[PDB]
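First the structure, in the form of structure tokens, and then the observations on it.
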Amino acid sequence: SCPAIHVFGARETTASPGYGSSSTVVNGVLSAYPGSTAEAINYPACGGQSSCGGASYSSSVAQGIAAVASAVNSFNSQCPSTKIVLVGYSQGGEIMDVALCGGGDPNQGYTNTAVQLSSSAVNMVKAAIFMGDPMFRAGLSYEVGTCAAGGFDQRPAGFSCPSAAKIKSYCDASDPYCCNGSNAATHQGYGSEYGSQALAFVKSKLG
């Protein structure tokens, strides 16, 4: 059968297969909505290390965007009335960001600027949670956190996401990857810092 709610989680770089740090809000939704089900995005989650298959960051991102698109689009065709939630941490956030918001990822060589999710799938995506997304750029309506600058793959000024109202993207000032800070520790704690906020948001979008 099809569940009423299905969630997709995408892990950070070098994390072992599964959800990695997206687990905190993935698990939050599942336990908030018994009978809901979840799946991990299958993609390299790599930055050239041999442990994760040696793919470069650029190649990992390209493959991840396609992976998100394929898994979400196919699921939606199978379960068209199922509400979808996306959760992505760091690189996992960046691949969902492109897939859902379009605009490509010029720094990583992804040239296609089209939204990659189908129109049907975008409609049934009800909430998207990004944490530590290197495409972060302060000044977008869907962002929260203390970062007032942007990450190494930051969106350009004046960017707009058609699905802005379905998203929350979190990043603080001292983060070296989604912001221009220098405390890596910050990158690793968004789960405990914003998980509860994130869950409330998802809740308000789901009913």
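Counting from 1, one number per residue, gives the positions in the sequence shown under PDB author numbering.
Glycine is no exception: its CB is placed at the ideal position from the N, C-alpha and C atoms.
>> Output needed for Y43: all residues of its chain with C-beta closer than 6 Å, excluding positions within five of it in sequence on either side, in chain order.
In response: Working through the sequence shown from its first residue, we reach residue 43 at position 43. The residues are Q63, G64, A67.
> Just how far apart, CA to CA, sit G103 and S163?
Replying inline: Position 103 of the sequence shown, counting from 1, holds the residue named residue 103. Position 163 of the sequence shown, counting from 1, holds the residue named residue 163. Near 12 Å, if we compare the C-alpha coordinates of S163 and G103.
> So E193 is in the beta strand (DSSP E); what residue range does that whole segment cover?
Replying inline: Here residue 193 refers to the residue found at position 193 of the sequence shown. Premise fails: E193 lies in the alpha helix (DSSP H), 190-206, not in any beta strand (DSSP E).
> Going by DSSP, what residues sit across from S169 in a beta bridge?
Replying inline: Residue numbering aside, residue 169 sits at position 169 when the sequence shown is read from its first letter. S169 is bridged to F130, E143.
> Is it true that the segment 33-42 meets the segment 154-172, where meeting means three or more beta-carbon pairs spaced less than 8 Å apart?
Replying inline: no
> Straight-line CA distance for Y142 to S169?
Replying inline: Position 142 of the sequence shown holds residue 142. Position 169 of the sequence shown holds residue 169. Computed Cα separation, rounded: 6 Å.
> Can you find a CB in chain C that lies within less than 8 Å of the CB of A55?
Replying inline: Among the chains in the structure shown there is no chain C, since it carries only a single protein chain.
> Taking DSSP as the reference, what is the three-state secondary structure of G92?
Replying inline: For the purposes of this step, residue 92 is taken as residue 92 along the sequence shown, with counting starting at 1. Reduced to three states, the DSSP call for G92 is helix.
> In or out: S204 buried (at least 16 other Cβ within 10 Å) or exposed?
Replying inline: By 1-based counting over the sequence shown, the position of residue 204 is 204. Exposed, since its Cβ has fewer than 16 Cβ neighbours within 10 Å.
> Alpha carbon to alpha carbon, how far is residue 221 from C2?
Replying inline: Because the chain spans 1 through 207 in this model, residue 221 falls outside it and cannot be assessed.
> For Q108, is the classification buried or exposed, using 16 other Cβ atoms within 10 angstroms of its Cβ as the cut-off for buried?
Replying inline: Along the sequence shown, one-based indexing puts residue 108 at 108. Buried.
> On the premise that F130 lies in contact with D97, defined as a C-beta separation below 8 Å, what is that separation, rounded to the nearest angstrom?
Replying inline: Translated into the one-based positions of the sequence shown, residue 97 becomes position 97. Translated into the one-based positions of the sequence shown, residue 130 becomes position 130. About 6 Å; that satisfies the 8 Å criterion.
>> Quick check: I41 and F8, are their CB atoms within less than 8 Å of each other?
In response: As a position in the sequence shown, residue 41 is number 41, starting the count at 1. As a position in the sequence shown, residue 8 is number 8, starting the count at 1. Contact: yes.
> Between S59, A198, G92, which lies nearest to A127 when the distance is taken from Cα to Cα?
Replying inline: If you number the sequence shown from 1, residue 127 lands on position 127. Ranking the options by Cα distance to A127, first place goes to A198.
>> I need the DSSP call for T24, collapsed to helix, strand or coil.
In response: Along the sequence shown, one-based indexing puts residue 24 at 24. It is helical.
> Terminal residues of the continuous alpha helix (DSSP H) containing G64?
Replying inline: Locating residue 64 in the sequence shown gives position 64, where the first residue counts as 1. Run containing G64: 57-78, per the alpha helix (DSSP H) assignment.
> How should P106 be labelled, buried or exposed, when 16 other C-beta atoms within 10 angstroms of its C-beta is the threshold for buried?
Replying inline: On the sequence shown, position 106 is the one that residue 106 refers to. It counts as exposed.
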